[PDB]
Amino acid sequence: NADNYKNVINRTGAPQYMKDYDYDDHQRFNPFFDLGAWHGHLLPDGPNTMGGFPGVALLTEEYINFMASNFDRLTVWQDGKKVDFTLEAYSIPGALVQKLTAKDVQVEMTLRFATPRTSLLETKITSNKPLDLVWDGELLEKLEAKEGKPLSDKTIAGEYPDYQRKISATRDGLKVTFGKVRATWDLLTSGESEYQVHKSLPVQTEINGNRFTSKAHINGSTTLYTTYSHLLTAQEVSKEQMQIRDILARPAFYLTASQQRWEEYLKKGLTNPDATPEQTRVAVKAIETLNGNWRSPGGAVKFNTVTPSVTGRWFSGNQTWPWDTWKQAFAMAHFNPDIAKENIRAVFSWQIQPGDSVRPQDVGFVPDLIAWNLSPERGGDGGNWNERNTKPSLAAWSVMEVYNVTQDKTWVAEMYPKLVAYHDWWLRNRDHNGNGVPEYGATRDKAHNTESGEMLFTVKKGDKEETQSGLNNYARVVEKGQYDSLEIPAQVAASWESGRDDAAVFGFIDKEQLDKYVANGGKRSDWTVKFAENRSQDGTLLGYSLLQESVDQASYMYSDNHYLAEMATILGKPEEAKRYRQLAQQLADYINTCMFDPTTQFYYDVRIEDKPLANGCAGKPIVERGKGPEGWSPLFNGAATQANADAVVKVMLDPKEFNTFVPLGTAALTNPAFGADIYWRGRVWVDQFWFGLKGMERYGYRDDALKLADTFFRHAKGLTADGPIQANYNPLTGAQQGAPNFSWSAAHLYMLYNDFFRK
């Protein structure tokens, strides 16, 4: 019962700025979104917003922007006397509710979504005499604030002359129209987008500048219905009209559909009823968060998808990443499998095909970031779309979890060839030495290389910067060591491809940290990163590889090969199945032979050295760059031998390494490049934490895994409060950082609730 979980997240708020930001530039309120809609609503918090759901949040293609503080706010008059209401307002999974109570009149307002563009408000009015109803609204004027403090005197219309917002009256309500604004990082409109309000009863609407007042007279107790729709193109506007009319013709049908969908999510989702009430509430928060970050098809993305955060500065609209999706879809398989499937389809829908206009050399590649607007390179004006890199291979994992739940053979038939193409791309564009063990790297790209195919890098010395090109030049510069630091777009891209931006093992270390490392006996050269171009035999530039093979991606490709074999077997392709199982074993042998270090009892990336070692390994484990969460990836993925796993778990459980106040962070305390406030060099993310506990369980250490989960539950700050879910934690203090309403945290917190959290 959804009524059991009121106000899991604080959804109150009265925004006064289009960009009403917190310190980290995220919208500081948490609107309710559902069904993939492109608008959301907040709850009223006092007399000034009472009677309406303030802060109409609009998703303007790739960003969240507020429209109004009050919009369609109801006030009530009985024979010239204004009714004085007291307010009760709560959220539940799937709805916002507010109740206005006065002596002789009551109003109950329930707000749910009805289509992928339309929310539905029931306004149930109890009164034994006639009443005059008044709705009012005003469009926002002020542009931007941080923590309530305006940054400037700027107005929305001043910053955006072409926005040109106008309210018009219609036969059954009103609309706001918006002009075309192509503000790459802020505000993206087509010029055809509208916000429409349709009502079940006749109203008389007056318009004064950018505000309105609508009036209606009722005879007594009645229930009316209002639809709100944010429609982003002319085609959307046309198509929604018949749906709006059906909704206002059968509102009970839409309310019930939403009620029933959410009862299902909860019945399916909450499969550990012996968790404490506080633990169950965390699960429900996760479920609301994931479903709120779900977006229906829009622009270039022709499928429903789930973004990393609807309120996030850079994660909103329908901006979609691959490994976020794999994590999201794995979790969502267990309560919203329809949208899990869609999320996966969205990512693969822009997989590179033979004859691609931009990167024909990258067949099978899956873009890092897709969104409403294509990049200029593909004829759009989007600044987010990214094809510099992909993300790690967790796709088959996600796909097979969906099949295991749904048992839909059509689904495996659908995804198998895309997954195979993705696999083949890695071994063709990310395996320089041809040993079947992939490297992270970077695509041929305007950010990475000159037009002539030469790899870019910047040498820094004091205040001097010099930007150069060419791998032979790089090799020379690196050997001489005549610089303070290097910045290499390909390096950034490669770390992005791992998903662990600026991680230690990819050669990222602050200058003070690097000096300590040398003053204690280390060679500066240990932290220098080396590259190679990957070419076909006819000389075509395919991309770049780090001269380093990563133990996380090896481990993920190992599990991915097994999942592919299962899929091949399901589809009656026994020879393809056999090949994937054989490919998986070869990688297991390599991971255990090459990437395990028996001395420090841990797994690491290895270098691709000038010649391979005697045992066929490309090089030695990069033990000197320290231990990371990639080191338990062989356990999570099942590539590890029992003995190596036994070794790894001792390290994980060591307070000197990973067993911290919030355990299992992204770099061990012993890592030379550790920092408690560095996202992927110390901070604890819930995905890597969960991969760790699952890896432990798989090799017989569930008992210890349960203890870490309990430690996490007691020490991770904010967990049992009503704030939005964030991305990561200080391993020493447990303090939260990162975008609010963060999808994969929700996904892995949900999984932790199912698998590990207990009373």
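Residue indices: 1-based, along the sequence shown.
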{"query": "Stretch with the higher entry mean CA B-factor, where the candidates are 478-486 and 582-590", "finding": "478-486"}
{"query": "Greater mean Cα temperature factor according to the PDB record, 271-279 or 258-266", "finding": "271-279"}
{"query": "Top Cα B factor in the deposited entry, candidates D424, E414, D538, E439", "finding": "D538"}
{"query": "C-alpha B-factor winner, where the candidates are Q726, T49, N30, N65", "finding": "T49"}
{"query": "Among modelled residues of the same chain, the CA temperature factor third for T733", "finding": "middle"}
{"query": "Third of the chain, ranked by Cα B-factor, where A532 sits", "finding": "highest"}
{"query": "Third of chain Cα B-factors occupied by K341", "finding": "lowest"}
{"query": "Position of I622 among the chain's modelled residues by C-alpha B-factor, lowest, middle or highest third", "finding": "middle"}
{"query": "Within-chain third of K215 by Cα B-factor, per the entry", "finding": "highest"}
